[PDB]
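Remarks on the structure that follows.
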Number of protein chains: 6
Amino acid sequence: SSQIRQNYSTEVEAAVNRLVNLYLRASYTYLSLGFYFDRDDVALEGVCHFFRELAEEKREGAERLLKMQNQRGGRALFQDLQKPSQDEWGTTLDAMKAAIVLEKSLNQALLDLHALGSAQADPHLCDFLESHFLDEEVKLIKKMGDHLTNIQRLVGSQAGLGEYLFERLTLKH
Amino acid sequence: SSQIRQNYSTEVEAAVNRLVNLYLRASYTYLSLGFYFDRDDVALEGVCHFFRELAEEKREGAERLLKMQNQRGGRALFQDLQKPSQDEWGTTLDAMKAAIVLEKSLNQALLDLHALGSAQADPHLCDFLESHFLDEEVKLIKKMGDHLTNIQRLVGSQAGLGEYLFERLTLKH
Amino acid sequence: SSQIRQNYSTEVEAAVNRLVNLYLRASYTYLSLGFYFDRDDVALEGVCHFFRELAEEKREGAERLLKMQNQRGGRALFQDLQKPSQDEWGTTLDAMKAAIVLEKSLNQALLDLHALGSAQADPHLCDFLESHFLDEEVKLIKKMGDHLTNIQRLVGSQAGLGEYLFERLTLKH
Amino acid sequence: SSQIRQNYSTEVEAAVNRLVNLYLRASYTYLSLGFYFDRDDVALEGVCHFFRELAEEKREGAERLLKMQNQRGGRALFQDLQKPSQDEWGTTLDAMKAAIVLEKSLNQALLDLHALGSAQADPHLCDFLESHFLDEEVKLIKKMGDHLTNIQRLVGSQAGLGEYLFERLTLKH
Amino acid sequence: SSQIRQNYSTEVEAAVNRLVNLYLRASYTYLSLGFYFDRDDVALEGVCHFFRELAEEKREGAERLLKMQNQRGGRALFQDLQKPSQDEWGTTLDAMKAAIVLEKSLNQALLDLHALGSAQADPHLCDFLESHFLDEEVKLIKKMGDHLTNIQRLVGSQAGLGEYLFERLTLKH
Amino acid sequence: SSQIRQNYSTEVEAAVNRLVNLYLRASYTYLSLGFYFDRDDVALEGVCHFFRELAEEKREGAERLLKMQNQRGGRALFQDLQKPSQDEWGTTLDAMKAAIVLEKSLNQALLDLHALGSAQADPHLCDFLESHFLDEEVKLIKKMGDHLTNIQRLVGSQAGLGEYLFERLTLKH
Ligand SMILES: [Cl-]
Ligand SMILES: [Cl-]
Ligand SMILES: [Cl-]
Ligand SMILES: [Cl-]
Ligand SMILES: [Cl-]
Ligand SMILES: [Cl-]
Ligand SMILES: [Cl-]
Ligand SMILES: [Cl-]
Ligand SMILES: [Cl-]
Ligand SMILES: [Cl-]
Ligand SMILES: [Cl-]
Ligand SMILES: [Cl-]
Ligand SMILES: [Cl-]
Ligand SMILES: [Cl-]
Ligand SMILES: [Pt+2]
Ligand SMILES: [Pt+2]
Ligand SMILES: [Pt+2]
Ligand SMILES: [Pt+2]
Ligand SMILES: [Pt+2]
Ligand SMILES: [Pt+2]
Ligand SMILES: [Pt+2]
Ligand SMILES: [Pt+2]
Ligand SMILES: [Pt+2]
Ligand SMILES: [Pt+2]
Ligand SMILES: [Pt+2]
Ligand SMILES: [Pt+2]
């Protein structure tokens, strides 16, 4: 078997493949979120762009994990990608809540894999995750929390008007 | 009669002239919509510009149909242009509803003429319509539906304030 | 009624709306003239461009009148637009004669409205017309008279050849 | 047989090869027309350039059909190219009449092939023709009709002088 | 239901959602193909880049279909994405064969949807497919057939050496 | 008859027309060679480009002969163009052999026409041929012989691999 593989456990290899699946599932969820907000009857362009941008980020995450798998001499294995949890995502507030739940599940999977690398004394894996994933997730989750707070503040006031204003003055269009 | 005319039915020729009339009538409607929103007592500049831009688009549509009529060896015939359906157009919401009704009637006339070209085996006509009209209308109708949704969301909240915000933050001024 | 309206008679307001109708009717006439000269069996491109340019000028005239109506606190009212007086416009000479008749009728309507503003002591109206319409019409009518004379001189000589030469060497293509 | 071929009938394949032959024959006809007008005893440079340009266009047409044949997995088959219908082409008027007859025969062959693709449910073929051939032919035929009308108008007047003027002031040199 | 929806059958709407699923499945297949050729024990960089580029193209295809679904007033519905048909893809020749099979299945789904639009008299759908999908697929399938032929020619000769040469001199790296 | 014609024999005039036919036939042969190498099942792009370039060169040759015919006061006469000698052209080696045979037949026709001009004391004809044709043919034939030798050397070794390498490293793509 692999001429290059060194200090790379089968446990980490398998967990990397599961993490790829989770990032691709997250990408798919954000594809559905983005297009929902592009519906003529929802029509929040800045919200659509925010979630489409995230779909791209998550796919890049997956590709970065697949590159690393190959660099370490593991073998990429792909599984079915489960469809997103909803067909319709409600308001900007419901959507951003669903997004933060999703990100925290990714984050926990990152932290789990880090703990696994630490238990296996795999410092390349730990650095890979620290360098490309853990800080990015923390920053994103904070940004989503900031958004949450602003949406909440706006839609407690007047729901339709608040949602419009958030999309126009916070989100990029 | 025409030295150039080939595979161009009198049925299509007549329907092209009717379509020109419909596009010019639509142009005229958008001229009246634009100037209504320029009244001192309505004063929504972005709304006026949106409908004046559409008046231009519809006239360009007509001119493109007239050019094609001549390219195929048909004879342009002009009829009276009926005045717009209203003298006053209500709110931005009433106006945008009237506009979408209008666009869908144009779209249906396009689809009718396409079906006629298909029944007459006139593939130049079908391509002409597909290339310059059918996609443009679908895109415009979607944009108007997006606008509808945003206006509705805003004016359900607080009517005057919502209309102002839409004009300032969505429409071009 | 109007918060801005000052020294603006209902007589002038109504006459402005009639003048808008006349300018739009003139625009439409020039649209039909232009496309007639684009027929494969007429094919005088410079003549088509001359009349299409005039269609644009007359529409701009109307829009300028509508802008002013709103600036003075009057209310734009649109009426049916009668179709052009002919379906076919004969030779370049017949067409240019029809155009000069048309321009002189516009000019007379301008002069009538000026006399009305003067009788109503409406010096903004009189200046508006002097500044944007009366000189433009005089210049255009002169240009059309110049064209008339040159066409006449050419087609008295040899009709087909003369018409060709005028289009090629006087008109823009 | 072909690893790529999909939804591509032998009927269309054969008709594409016939159409290639017709476009190459048309190219050849325009080569002979161009050089006829370059004779010292005909000497109408703008006429020669107009027909040589068309020889190029028709060859490009053929090459575009051959490219498509290969893209669909058909097999290009070439046949003898019949010589042009005349050795001498008369006046600019006779020539332009012969050219329009030729173009209408190409156009009819295009329309026939389109009807064949439609009967075979071959929408790639129909789009290929619509996109690259049907509009180009309609535009060319119109241009030739415009030219016809202008030549006729000029040579009814005075034949030699008219032909000279057309070549100098309409055609490119 | 939809304020914009016009001439858009539930049959087409559903088939568009299935086509989106097929394009995303194809994207996923090309992701697995690309990373397989990035393995240390396969190591054909140009092959990896070719299939990763295709993964991008197919995702863009899906996004373009989702955009259109929304433009027509249909509702995007996402389903599970089945994993690729293989975990390991053999030689460059085996891979390129699998790719052409895949493309032809996409192409057939496009042709099926086109036939459905034609039966439903939905000319916007037919033009959408013709303009953005049918020609692209035909061109891609031809390119893959060209590649097939060259790989075959090379690996019949000497398998390892041939595969290397193809990757170095035909594929982009 | 011709006001310009001087020292131009009917024998040369006729032979010039035959030479035009031979150059156009050669052009056509190279059109068929080029597209054969564009087939999905042959797929040698550099070979296709080499022969298409030659199709252009031969047509330019013909046009240069037709220009000269007219400059000397002869009359261009066109005949049927016989189809190429084969429908399928075998390997790059078979094709390049067929091309060199073809070029040598053109060259011999050039040399024959030169001998005819020399016997008729037509030094303009002799210079025309020397200046634009004899050196070009010698250079081309040498280039084809060089290609022959390289193809032979490569395909004696390993036929498929050799053909690929020639196309990639000698021919332009
Ligand atoms: Cl990133
Ligand atoms: Cl699921
Ligand atoms: Cl660390
Ligand atoms: Cl436009
Ligand atoms: Cl009415
Ligand atoms: Cl102006
Ligand atoms: Cl009337
Ligand atoms: Cl072209
Ligand atoms: Cl014959
Ligand atoms: Cl089509
Ligand atoms: Cl693309
Ligand atoms: Cl599966
Ligand atoms: Cl050359
Ligand atoms: Cl033969
Ligand atoms: Pt790193
Ligand atoms: Pt956008
Ligand atoms: Pt077009
Ligand atoms: Pt403005
Ligand atoms: Pt002024
Ligand atoms: Pt023009
Ligand atoms: Pt195309
Ligand atoms: Pt020239
Ligand atoms: Pt489109
Ligand atoms: Pt690379
Ligand atoms: Pt020379
Ligand atoms: Pt190329």
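Labels used: A, B, ... for chains in the order of the structure tokens, numbers from 1 for residues in each chain, and numbers from 1 for ligands as shown.
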
I want to know what sits within 10 Å of region 5-9 of chain A, based on only C-alpha atoms, with residues of the same chain fewer than 3 positions away left out; could you give that as a VMD selection string? (chain A and resid 1 to 2 12 to 15 69 to 74 116 to 117 120 to 125) or (chain E and resid 40)

Got a sec: who's within 7 Å of region 22-29 of chain E, counting only C-alpha atoms, leaving out chain neighbours fewer than 3 positions off, as a ChimeraX atom specification? /E:18-19,32-33,55-56,58-59,61-62,81-82,84

Selection above as a file: N, CA and C atoms, as a short mmCIF file (atom, residue, chain, number, x, y, z; two decimals), in the first residue's frame:
```
data_model
loop_
_atom_site.label_atom_id
_atom_site.label_comp_id
_atom_site.auth_asym_id
_atom_site.auth_seq_id
_atom_site.Cartn_x
_atom_site.Cartn_y
_atom_site.Cartn_z
N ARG E 18 -35.49 17.43 -11.67
CA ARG E 18 -34.74 16.16 -11.89
C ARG E 18 -33.42 16.43 -12.63
N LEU E 19 -33.48 17.31 -13.62
CA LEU E 19 -32.28 17.68 -14.38
C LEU E 19 -31.23 18.35 -13.48
N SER E 32 -15.02 13.23 -7.83
CA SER E 32 -14.37 11.97 -7.50
C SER E 32 -13.36 11.58 -8.60
N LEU E 33 -13.71 11.74 -9.87
CA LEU E 33 -12.74 11.47 -10.96
C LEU E 33 -11.47 12.32 -10.80
N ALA E 55 -16.33 19.24 -13.21
CA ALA E 55 -17.15 19.34 -12.01
C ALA E 55 -17.74 20.77 -11.88
N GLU E 56 -16.90 21.77 -12.11
CA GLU E 56 -17.33 23.18 -12.10
C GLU E 56 -18.40 23.47 -13.14
N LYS E 58 -20.51 21.43 -14.62
CA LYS E 58 -21.81 20.78 -14.30
C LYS E 58 -22.54 21.49 -13.18
N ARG E 59 -21.82 21.94 -12.15
CA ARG E 59 -22.43 22.74 -11.08
C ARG E 59 -23.00 24.06 -11.66
N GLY E 61 -24.08 24.50 -14.72
CA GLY E 61 -25.27 23.99 -15.37
C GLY E 61 -26.49 23.93 -14.43
N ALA E 62 -26.32 23.26 -13.30
CA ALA E 62 -27.33 23.18 -12.27
C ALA E 62 -27.81 24.54 -11.78
N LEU E 81 -28.33 13.34 -3.32
CA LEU E 81 -27.40 13.15 -4.43
C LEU E 81 -26.71 11.80 -4.27
N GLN E 82 -26.97 10.90 -5.19
CA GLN E 82 -26.36 9.61 -5.16
C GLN E 82 -24.86 9.79 -5.40
N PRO E 84 -21.02 8.73 -6.67
CA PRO E 84 -20.58 8.28 -7.99
C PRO E 84 -20.60 6.77 -8.10
#
```

Do you know which residues are at most 10 Å from region 144-155 of chain C counting only C-alpha atoms, after dropping those on the same chain fewer than 6 positions away, and could you put them as a list in words? residues 92, 93, 94, 95, 96, 97, 99, 100, 103, 138, 161, 162, 163, 164, 165, 166, 167, 170 and 171 of chain C

Among the residues of region 15-87 of chain E, find those DSSP assigns to helix (DSSP H, G or I) from the backbone and print them as a PyMOL selection string. chain E and resi 15-37+45-72

Collect all residues with atoms no farther than 8 Å from ligand 25, counting only C-alpha atoms and all ligand atoms, and output them as a VMD selection string. chain F and resid 127 to 128 131 to 132

Give me the residues of chain C that have any atom at most 8 Å from an atom of chain D; for each, the nearest atom pair and the distance in Å, rounded to one decimal. Use only C-alpha atoms, sort by chain and number, and format it as CSV.
```
residue,atom,partner,partner_atom,distance
C:39,CA,D:146,CA,7.8
C:40,CA,D:146,CA,4.8
C:41,CA,D:149,CA,5.7
C:42,CA,D:149,CA,6.7
C:43,CA,D:146,CA,5.1
C:158,CA,D:157,CA,6.2
C:159,CA,D:157,CA,7.3
C:160,CA,D:153,CA,4.8
C:161,CA,D:154,CA,5.0
C:164,CA,D:150,CA,7.3
C:168,CA,D:169,CA,6.9
```

How would the residues just picked look written out with C-alpha atoms as a short mmCIF file (atom, residue, chain, number, x, y, z; two decimals), in the first residue's frame?
```cif
data_model
loop_
_atom_site.label_atom_id
_atom_site.label_comp_id
_atom_site.auth_asym_id
_atom_site.auth_seq_id
_atom_site.Cartn_x
_atom_site.Cartn_y
_atom_site.Cartn_z
CA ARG C 39 -38.80 48.73 -47.38
CA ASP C 40 -36.83 46.54 -49.83
CA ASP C 41 -38.83 48.11 -52.63
CA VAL C 42 -38.09 51.73 -51.59
CA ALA C 43 -34.61 51.26 -50.03
CA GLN C 158 -34.32 62.42 -63.96
CA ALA C 159 -36.50 61.06 -61.19
CA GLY C 160 -34.87 57.77 -60.09
CA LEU C 161 -31.31 58.98 -60.51
CA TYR C 164 -30.61 58.23 -55.39
CA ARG C 168 -26.34 59.47 -51.10
#
```

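Using only C-alpha atoms and all ligand atoms, residues with at least one atom at most 9 Å away from any atom of ligand 16 are residues 45, 46, 48, 49, 172 and 173 of chain A.
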